[PDB]
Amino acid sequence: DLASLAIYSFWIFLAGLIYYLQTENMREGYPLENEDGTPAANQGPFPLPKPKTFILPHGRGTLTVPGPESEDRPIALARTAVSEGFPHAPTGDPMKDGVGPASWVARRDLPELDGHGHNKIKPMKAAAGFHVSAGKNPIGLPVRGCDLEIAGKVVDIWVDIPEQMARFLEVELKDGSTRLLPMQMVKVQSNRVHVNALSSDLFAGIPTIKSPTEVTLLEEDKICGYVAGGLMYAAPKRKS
C-alpha cells in the first residue's frame, strides 16, 4: 500500500543522503596515507567528491577542496615499532618542535579580517571604545605558572572586535618581551592569573608574533598549540 511505498522511498532517499554526507566529510585529509606518507592502498568504500571552490572574501584568493595536501612543515618524529599502528616518538623537544599536543598547522600567515576587511583581533589599547565591562579586569595582574612561580604580568587584553570577546592575554615577561596567552587557557583570579598548562620556565618559549598589533593565523596556531602541549609535556612540574 501507499504507506509501504512511502517508507521504502524514504529508506532509499535516506541511503543516498548518507552517501552524500559521507563523501562531503572526505574533503579534508584525503586521500589516506601510509605512515611513510605514500598513498594507502585501501582508501575505503566511497570515492572522493567533485572538488568545490570557496571564494575567500577580501581578494584573498580561493580554496578548492579536496586539494593537494602537504603539511608544509617538518615533522620531528620517528617510528617506535616495525609495523603500522604504534606511536611515533618525538626526536627533539616536542614543545619546540610542534608535535603531539603541541602541533600547529601551516595556516596562512595573515590575520583573519572582519566583514569590513579590518583585523579581527586587536590589542585593546588600539581597539577604540573597548573596555572591560564585567568580571575582573586582568590587566595589571601577575601571571603564575603551574610550578607556582611568577612568570609575568598582564599588560593588555587582545579582543575580537566583531564578536566583542577577550581572546588573548598579552603577558609581559621578565626580559620585557611579551607573549600572547590563549584566554581559554588561563584562570583569572582575584589576585593573579593562573596558567595550569605552563610552568614558568616555559613562558619565554611561547612563539612570538612579528607585529606588535596584529597576530596571524599561523601565529595563532603556533601560540595556541604550544600552550596546549604543556599539559602533556610540562607535567614533570605540577602539584595541587
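Here the rigid core means the biggest group of C-alpha atoms that line up within 1.5 Å when the two forms are laid on top of each other. Quick note: we count residues from 1 along the sequence shown, nothing fancier.
After superposing on the rigid core, the larger RMS C-alpha deviation in 9 other deposited structures of this protein belongs to 67-75, the other candidate being whichever of 95-103 and 67-75 remains. Where the structures in 9 other deposited structures of this protein are fitted on the rigid core, 37-45 is the one of 190-198 and 37-45 whose C-alphas sit farther from the shown form on average. Stretch comparison (39-47 versus 178-186) by mean CA B-factor in the PDB entry places 39-47 on top. The PDB entry reports B-factors from which the mean C-alpha value can be compared for 141-149 and 98-106; the larger average falls on 141-149. The PDB entry assigns residue 80 a C-alpha temperature factor belonging to the middle third of its chain's modelled residues. Among all modelled residues in its chain, residue 87 ranks in the lowest third by Cα B-factor. Looking at the C-alpha B-factors along this chain, the one for residue 116 belongs to the highest third. Sort the modelled residues of the chain by CA B factor and residue 73 lands in the highest third. For residue 154, the recorded CA B-factor ranks within the middle third of the chain. Only modelled residues enter the ranking.
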